[PDB]
Amino acid sequence: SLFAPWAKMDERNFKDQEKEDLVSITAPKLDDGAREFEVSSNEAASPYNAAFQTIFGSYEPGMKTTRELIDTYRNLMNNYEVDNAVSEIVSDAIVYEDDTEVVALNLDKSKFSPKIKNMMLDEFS
Amino acid sequence: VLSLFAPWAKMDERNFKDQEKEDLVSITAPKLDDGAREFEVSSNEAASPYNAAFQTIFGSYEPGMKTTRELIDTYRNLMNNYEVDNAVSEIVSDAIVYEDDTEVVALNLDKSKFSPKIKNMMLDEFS
Amino acid sequence: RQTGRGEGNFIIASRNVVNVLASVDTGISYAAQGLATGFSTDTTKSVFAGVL
């Protein structure tokens with residue numbers, strides 16, 4: 001319940017989708033993302049059977065895909081003439097100079113009011 | 001508690017009290033990023049009597065001093081090699097620039113601060 | 001009363017003695033018993049449990 005205050009919004013968001021008319025869709029609403037888990041509603045007749053098979057089915061590979069890739073990516077980066085690529089990209093991507101700008105919010109489109117712009121800019125900082 | 005660190009211990013205690021009084025709860029991973037290696041402690045609700053800490057430090061220090069020892073000695077040996085020491089030398093030369101009638105890294109209070117009176121004292125202390 | 005330099009200031013004892021000490025209050029109060037708390041009685045880690 002440590003993130004229960006977050007869950008409150010998330011539950012609302014999920015419910016707003018349940019109450020939405022985005023129906024009669026054969027396709028998954030999956031563009032680029034997460035591992036898919038599928039259960040029926042049916043007054044929760046069997047979400048737990050599916051969940052346990054899904055959990056242990058996932059345990060089988062043990063996230064070796066992600067695990068091996070991150071370790072690999074690090075082992076790759078750890079090499080000479082590899083770090084240079086990474087570092088140059090990062091350097092070009094994130095630029096700092098003497099007393100200059102860094103990533104910054106730019107509210108150049110219509111906004112409700114200048115006051116909100118100020119609030120957003122303070123939050124960005 | 002060795003006396004050589006008495007005022008420092010007090011400073012840490014004050015910082016801890018502030019942390020204890022904060023809302024940094026609901027932490028799934030300890031809020032650390034780099035540097036120091038952590039250790040799971042007895043946590044008697046929040047307590048760790050100094051005498052509990054004493055073993056805790058032994059049990060933190062043993063499993064890994066060797067690694068540190070190997071890396072540092074390795075680096076020092078690399079430093080004694082042809083065209084390795086030079087890399088460092090040029091890096092050091094540019095990282096720490098010091099010339100005739102020239103300054104050293106110095107405090108530069110060119111942004112708003114409490115007071116010029118203080119700014120001057122801060123600079124003298126920095127020196 | 002046998003030295004005059006001061007009253008005893010330490011105890012060293014068997015684990016069982018300590019288990020009792022560690023699990024009761026010392027404060028002057030109604031009564032109190034529980035699991036050991038403040039005193040670290042695990043000889044694995046220390047030899048010094050705390051102060052009564």
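Only residues that are of a type in the set (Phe, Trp, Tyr) and closer than 17 Å to B:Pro49 by Cα: list them for region C:1-51, please.
C:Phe39, C:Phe48
What do you reckon, is C:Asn19 under 23 Å from B:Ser42 (Cβ atoms) and away from chain B (no Cβ under 11 Å)?
Numbers: under 23 Å from B:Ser42 (Cβ atoms): yes; away from chain B (no Cβ under 11 Å): yes.
Taking the combined requirement at face value, the residue satisfies it.
Do you know which residues across region B:39-49 are loosely packed, with under 12 Cβ neighbours inside 10 Å and either within 11 Å of chain C (Cβ to nearest Cβ) or within 17 Å of C:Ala36 (Cα to Cα) (or both)?
Quick first cut of region B:39-49, residues loosely packed, with under 12 Cβ neighbours inside 10 Å only: B:39-40, B:43, B:45-46.
Passing the criteria: B:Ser43, B:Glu45, B:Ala46.
Among the residues of region B:16-38, write down those that are hydrophobic (A, V, I, L, M, F, W, C) and within 14 Å of chain A (Cβ to nearest Cβ).
So in region B:16-38, the residues hydrophobic (A, V, I, L, M, F, W, C) come out as B:16, B:24-25, B:27, B:29, B:32, B:36.
Listed by number, the residues that qualify are B:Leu24, B:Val25, B:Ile27, B:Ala29.
Looking only at region C:30-52, how many residues end up being free of Cβ contacts under 8 Å to residues at least 12 places away in the same chain and facing chain B (nearest Cβ under 7 Å)? Reasoning before the result, please.
The initial filter retains those residues of region C:30-52 that are free of Cβ contacts under 8 Å to residues at least 12 places away in the same chain, namely C:30-34, C:40, C:42, C:44-48, C:51.
Remaining after also requiring facing chain B (nearest Cβ under 7 Å): C:40, C:45-46, C:48.
Of the residues in that region, 4 qualify.
Within region B:72-82, identify whether any single residue is within 27 Å of C:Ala36 (Cα to Cα), hydroxyl-bearing (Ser, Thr, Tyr) and more than 14 Å from chain A (Cβ to nearest Cβ), and answer yes or no. If you could, list the steps in order and put the result at the bottom.
Restricting attention to region B:72-82, the residues satisfying the condition of being within 27 Å of C:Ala36 (Cα to Cα) are none.
Looking for residues that are within 27 Å of C:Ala36 (Cα to Cα), hydroxyl-bearing (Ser, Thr, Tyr) and more than 14 Å from chain A (Cβ to nearest Cβ), one finds none in region B:72-82, hence no.
Please state which one of B:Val1, B:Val41, B:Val105 is among the β-branched types (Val, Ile, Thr) and in contact (Cβ under 8 Å) with a residue 40 or more places away in the chain. Even if it seems obvious, please write down each step before you answer.
Numbers: B:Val41 fails: in contact (Cβ under 8 Å) with a residue 40 or more places away in the chain; B:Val105 fails: in contact (Cβ under 8 Å) with a residue 40 or more places away in the chain.
Result: B:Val1 is the single residue among B:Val1, B:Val41, B:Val105 that is among the β-branched types (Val, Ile, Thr) and in contact (Cβ under 8 Å) with a residue 40 or more places away in the chain.
Of the residues that make up region B:101-113, is at least one at positive phi and surrounded by fewer than 10 Cβ atoms within 10 Å (Cβ to Cβ)? If you could, list the steps in order and put the result at the bottom.
Step one: of region B:101-113, the residues at positive phi are B:101.
Applying the additional criterion that residues be surrounded by fewer than 10 Cβ atoms within 10 Å (Cβ to Cβ) yields B:101.
Within region B:101-113, one or more residues are at positive phi and surrounded by fewer than 10 Cβ atoms within 10 Å (Cβ to Cβ).
State all residues of region B:1-38 that are surrounded by 10 or more Cβ atoms within 10 Å (Cβ to Cβ) and among the aromatic types (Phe, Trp, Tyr); if no residue qualifies, say none.
Passing the criteria: B:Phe5, B:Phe16.
The numbers here are math on the coordinates, done by the rules we state, and not lab data. Counting neighbours? That spans all protein chains shown, and the Cβs are built from the backbone with ideal geometry, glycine included.
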